[PDB]
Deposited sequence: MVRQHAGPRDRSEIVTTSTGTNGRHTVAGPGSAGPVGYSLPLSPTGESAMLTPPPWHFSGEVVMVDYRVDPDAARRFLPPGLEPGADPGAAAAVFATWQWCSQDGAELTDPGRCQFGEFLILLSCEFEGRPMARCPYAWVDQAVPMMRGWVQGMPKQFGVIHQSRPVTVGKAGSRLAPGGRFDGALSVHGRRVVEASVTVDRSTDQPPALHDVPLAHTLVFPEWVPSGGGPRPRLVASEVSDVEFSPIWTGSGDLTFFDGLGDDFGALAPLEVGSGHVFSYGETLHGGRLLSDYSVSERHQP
C-alpha cells in the first residue's frame, strides 16, 4: 500500500508533507527576557516539569528561519524553506536539570506548523514581522550600538505582541532560555473513542555574537485570559543574534506510566 513519513501517503512516499529528520535550522532572532508571574507560569507546566531555579524568568522570541532536510533540497526554493516564528519561553526543570517550556508559539507557514505538532511544539498560525539589520543606506539599523530592532505578532487580524530591542554591546553569552533543552508535550486528539513529555534532541548548536541592550515588550488583548496571564510584570534585556541547530528527533522524558 502507499507509504510516507507523513500524510499524504503515496506509492513512492514522495508526496508526504513532511520529511524525516534530521532537519537543519539557521535563523535570525530578536528576543526579550522578562519577568512573568511565577504562579501563572507554574500552571502551564505539566507533571514532571517543575518551576525553574528562577521561576519568574521568561522570554519572548521572534525569529526568522531557513530550514532544510539532510539533502539540502529545500534550500533552492526560498518559498518552501523559510518561515517566521514567535514564541514564549518559560524557565523550568526536569529531574533537577534546567529546561525551557514553550507554552505558545506561532508560525506563518504550514509545514513548520504541522512539524511543530510532531515534536509537541504548540504552534498555531499567525502573521509575524521582524526588523532586519542593514549594512548600507539609511532605512534601518546596523548591528551596532544604538541599533533598534522590532517584532510584531498579529493573530486573526488582531495585534497581540509587540517587542523592541535597542542594542548597546556585543557579547559571547547566549541568552539562558535559548541555550537549554525544550521540553514539549506530545499529544494528539483521539478521533476514535496519552500525552508524553519529550525533549528535542539537537546537535551543532551555534550562536553568532550576541548583541544585547534594552528590551521592551507589550501584550495586547486578543488571545484570551490564559495567554494574558503570562504578560510581563517587568521587562529585562533584549538580544539580537543568529542561531543554528540540527534537530534529530525526540527523547522521552516521561510517558507517565
| remark: Per the record, deposited positions without any C-alpha are 1 to 33, 227 to 231, 296 to 302
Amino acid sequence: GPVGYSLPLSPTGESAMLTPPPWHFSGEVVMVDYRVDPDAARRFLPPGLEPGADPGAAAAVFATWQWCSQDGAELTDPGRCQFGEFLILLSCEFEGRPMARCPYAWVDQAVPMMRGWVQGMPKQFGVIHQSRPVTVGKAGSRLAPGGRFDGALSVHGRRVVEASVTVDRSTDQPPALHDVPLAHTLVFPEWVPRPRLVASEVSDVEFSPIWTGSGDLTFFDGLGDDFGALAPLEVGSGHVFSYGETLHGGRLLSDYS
From here on, numbers count along this sequence of modelled residues.
| query | Relative to the other compared entries, is residue 193 without coordinates in a third or more of them? | reply | yes
| Mean C-alpha B factor from the entry: is it higher for 160 to 168 or for 80 to 88? | 160 to 168
| Comparing 139 to 147 with 116 to 124, which has the greater mean CA B-factor as deposited? | 139 to 147
| note | For 129, 178, 101, 97, the deposited C-alpha B-factor is largest at 97
| query | Lowest, middle or highest third of the chain for the C-alpha temperature factor of residue 93? | reply | middle
| Once the chain's modelled residues are ordered by C-alpha B factor and cut into thirds, is residue 200 in the lowest, middle or highest one? | highest
| remark: Entry-reported C-alpha B-factor of residue 64 relative to its chain, by third, is lowest
| task | Quick one: classify residue 8 as lowest, middle or highest third of the chain based on its Cα B-factor. | result | lowest
| message | Per the entry's values, where does residue 212 land by CA temperature factor relative to the rest of its chain, in the lowest, middle or highest third? | response | middle
